[PDB]
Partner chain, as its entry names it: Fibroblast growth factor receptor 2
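Next up: a single chain in structure tokens, the form solved without the partner chain.
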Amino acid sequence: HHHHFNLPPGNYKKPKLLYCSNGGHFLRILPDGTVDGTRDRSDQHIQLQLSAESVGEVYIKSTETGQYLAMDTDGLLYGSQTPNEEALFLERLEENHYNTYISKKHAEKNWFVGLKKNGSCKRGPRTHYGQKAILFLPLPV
């Protein structure tokens, strides 16, 4: 492993909203495959169902469209029609409180799922431990 194994206490029984403290946005996967953040809690594309593949590994899926969150070869998040290797993330506890998601495929480069204050996603290479952009809080829908 290239990363620690502190895991968050939550479970995957129910869908969640992934709230980013950085700018106060909910992770969103649009129908056209676009990924970004929105502060609008009424949005129908922010409800996400997480599921464990192996301990500490998860798929993050739009309950509204069935698209899986994934990060491509150049570090961009996108919504995938199918659950592939680019869609697996290492879900870990951070700062003894938050949830962070590292791209499994690009774990050695420390590429995280992250939202900027303006609500746009961060490209993998631009993320890193210590940023507020990578810190999420899963909230009930």
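Numbering follows the first chain given and starts at 1.
Asker: Quick check: 118-126 versus 5-13, which has the larger average CA B-factor in the record?
Answerer: On average, C-alpha B-factors are higher across 5-13.
Asker: Could you check the entry and say whether 60-68 or 39-47 has the higher mean CA B-factor?
Answerer: So the stretch with the higher mean C-alpha B-factor is 39-47.
Asker: Sort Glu94, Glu53, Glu91, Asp74 by C-alpha B-factor from the entry and give me just the highest.
Answerer: The record points to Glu53.
Asker: Would you mind ranking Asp32 by its C-alpha B-factor against the rest of the chain and naming the third, lowest, middle or highest?
Answerer: Middle third by C-alpha B-factor.
Asker: What third of the chain does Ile134 rank in for C-alpha temperature factor, lowest, middle or highest?
Answerer: For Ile134, whose C-alpha B-factor we compare with every modelled residue in the chain, the answer is the lowest third.
Asker: Please place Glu85 in the lowest, middle or highest third of its chain according to the CA B-factor in the PDB entry.
Answerer: As the PDB entry reports it, the C-alpha B-factor of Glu85 lands in the middle third of its chain.
Form deposited with the partner chain bound: not shown, discussed below.
Asker: Can you tell me if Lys116 lies within 4.5 angstroms of the partner chain in the deposited bound form, counting non-hydrogen atoms only?
Answerer: Within the cut-off, so yes.
Asker: Find out whether any non-hydrogen atom of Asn96 is located within 4.5 angstroms of the partner chain in the deposited bound form, and reply yes or no.
Answerer: The answer is yes: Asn96 has a heavy atom within 4.5 Å of the partner chain.
Asker: Within 4.5 Å of the partner chain in the deposited bound form, counting any non-hydrogen atom, which residues from 30-44 show up?
Answerer: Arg39, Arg41 sit within 4.5 Å of the partner.
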